[PDB]
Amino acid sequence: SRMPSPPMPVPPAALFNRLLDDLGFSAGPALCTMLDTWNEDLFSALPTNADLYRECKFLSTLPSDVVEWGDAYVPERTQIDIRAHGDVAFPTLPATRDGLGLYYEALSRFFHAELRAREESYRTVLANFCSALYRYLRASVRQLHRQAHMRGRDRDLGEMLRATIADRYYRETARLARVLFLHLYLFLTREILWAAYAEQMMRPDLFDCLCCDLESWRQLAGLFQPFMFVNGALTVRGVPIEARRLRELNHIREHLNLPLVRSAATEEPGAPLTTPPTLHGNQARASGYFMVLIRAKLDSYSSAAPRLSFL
């Protein structure tokens, strides 16, 4: 449902499974696990939208703040549509090659508009999960207070509550947030990109001789690629990217169910389009770049255009 019902207070492992259900993301953990086996920075170029969480009190690192918010917050699944759209027009491929620059730009702007619009719903979903999380913690603490006092040891409930929040709440929220936002990004980029891929496939006249020069590899490794057919040449600061690198990147894109980035000029005749990269444990993992992305959202409360030519 575009508007899943607010979860019920349950043990973190049940709350987590419940989240996968609300998102139809049973694959989430497995996708999460894959992000470790890779070293690619697929998330840095993504908008953090940290501003959307700046006033989210359930993210306050002050346990007393979480107590105030949580006691008062009544979860609502009214204004929720996890597949909400923005009103920026989905760009159509230009009639001529001259419009390719405006297109790359317009498609990125569309993506951002869609993301921000859909993100407001994901924020409500997080609030609901944090609320059920807070309530389970409050219920456990009430029960411990009962048993203890029953044994002559009467402790301060309020102190107990604030301590478990410090102890468990932030760690649990982070775990939920990771999969929640991985769903936001994966589902949206897939949705937009598969539709645009199909169209670009049908426009050989724009992409057969397209040469695109990027400032960095990070700009190409990022999930959202406006161009999926760059057949004339694909270079970074003038140097032709390596065939093997593109192949490995494509293996990742493929394993995330995203369309591949095609380059006649790059691909080696006789080689596959994808190739499993060898993990280098002495290097940062894709999972690392993702956590930096999510942490910008979580820490909020308590805190170039490609050169295009043709052959």
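Numbering starts at 1 and runs along the sequence shown.
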Please figure out whether residue 17 and residue 18 are truly consecutive in the deposited sequence or have unmodelled residues between them, and give none, 1 to 3, 4 to 9, or 10 or more.
none
If you average the Cα B factors in the entry, which is higher, 221-229 or 70-78?
70-78
Where do the C-alpha atoms have the higher mean temperature factor in this entry, in 145-153 or in 187-195?
145-153
Of the choices 279, 42, 56, 246, which one's C-alpha carries the largest B-factor in the record?
279
Per the entry, which of 254, 65, 267, 36 tops the list for Cα B factor?
36
What third of its chain's C-alpha B-factors does residue 7 belong to: lowest, middle or highest?
lowest
Splitting the chain's C-alpha B-factors into thirds, which one does residue 235 fall into?
highest
Lowest, middle or highest third: where is residue 100 by Cα B-factor in its chain?
middle
C-alpha B factor of residue 120, ranked within the chain: lowest, middle or highest third?
middle
Per the entry's values, where does residue 163 land by CA temperature factor relative to the rest of its chain, in the lowest, middle or highest third?
highest
